[PDB]
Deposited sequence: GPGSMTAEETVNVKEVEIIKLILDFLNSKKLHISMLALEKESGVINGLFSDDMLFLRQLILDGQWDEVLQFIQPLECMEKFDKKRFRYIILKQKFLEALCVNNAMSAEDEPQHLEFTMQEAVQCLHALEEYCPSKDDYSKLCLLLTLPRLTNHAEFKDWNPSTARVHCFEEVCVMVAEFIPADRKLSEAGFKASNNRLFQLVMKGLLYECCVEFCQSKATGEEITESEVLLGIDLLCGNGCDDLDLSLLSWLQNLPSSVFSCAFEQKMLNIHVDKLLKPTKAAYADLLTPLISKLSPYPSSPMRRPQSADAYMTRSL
């Protein structure tokens, strides 16, 4: 038999991994370049996602404008989120330089009336004096990609109780489960260990096999062949009647993007 694999699902696996590690810049770049989305969204929800992740904030405001007429919608918070992200992106474009400064000032004047407090507007004004918006302590790790991701998540939580988004197909078959890439890599390493054990015993150890794992190369550079499966089938049935693993993962860190320029142009 012939197994068929689709690279879009491998891209979904690595996209889920990037989202798990909060590598949102790489995630957005991969979505833009491969056109693959690890998720299933309704048409309106998907359109709002595409608008927010592309910095088209005025189109976001117009697309969600019909939802502002209702009572318990809190349009002030939605407009605040959208206009604050727009102003931060305008200020970020201006820090990389008379036109961007004007746009930042206009965005600040627009969000003037939607701020929760008067001190928040003063903070957003003081952000104009700084040579780069990342100088503020509350904005040290601000970047357009993860900001767009968080903004889309917040707007989705806000508008979810108004526009139906659950009336969709089951995400099983269009999404990775949970750490699917990591689990498949672990299972492939265990498969390599089992094949190495079967090859070592037939050609003349317990923990040395588990300690001989090479993630990057795999020790013996072999390929994919249906041997262990066919070997387990030929075994007699009287063997299956007889009879966890501590995985220590090591996280990483990278000490700290001009995405909104591609949205304006």
Would you mind checking the deposited sequence against the model and listing the stretches with no C-alpha coordinates?
1 to 8, 106 to 114, 222 to 224, 264 to 267, 281 to 286, 296 to 317
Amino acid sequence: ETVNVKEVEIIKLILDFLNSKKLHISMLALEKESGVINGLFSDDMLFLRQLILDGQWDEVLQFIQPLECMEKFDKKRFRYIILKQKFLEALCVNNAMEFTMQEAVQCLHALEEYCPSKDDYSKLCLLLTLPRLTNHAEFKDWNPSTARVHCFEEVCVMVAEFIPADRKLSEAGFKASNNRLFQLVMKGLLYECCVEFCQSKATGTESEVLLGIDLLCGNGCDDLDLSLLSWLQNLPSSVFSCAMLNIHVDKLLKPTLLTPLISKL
From here on, numbers count along this sequence of modelled residues.
Quick one: higher average CA temperature factor, 245 to 253 or 20 to 28?
245 to 253
If you average the CA temperature factors over each stretch, which comes out higher, 187 to 195 or 67 to 75?
67 to 75
Top residue by Cα temperature factor, when 33, 54, 206, 58 are compared in the entry:
206
Please work out which residue in 83, 181, 163, 149 has the highest C-alpha B-factor recorded for this crystal structure.
163
Ranking every modelled residue in this chain by its Cα temperature factor as given in the entry, which third contains residue 50?
lowest
Based on the entry's values, in what third of the chain does the Cα temperature factor of residue 62 lie: lowest, middle or highest?
middle
Among the chain's modelled residues, which third holds the C-alpha B-factor of residue 98?
highest
What third of its chain's C-alpha B-factors does residue 37 belong to: lowest, middle or highest?
lowest
Would you mind checking where the Cα B-factor of residue 135 ranks among the modelled residues of its chain, as the lowest, middle or highest third?
highest
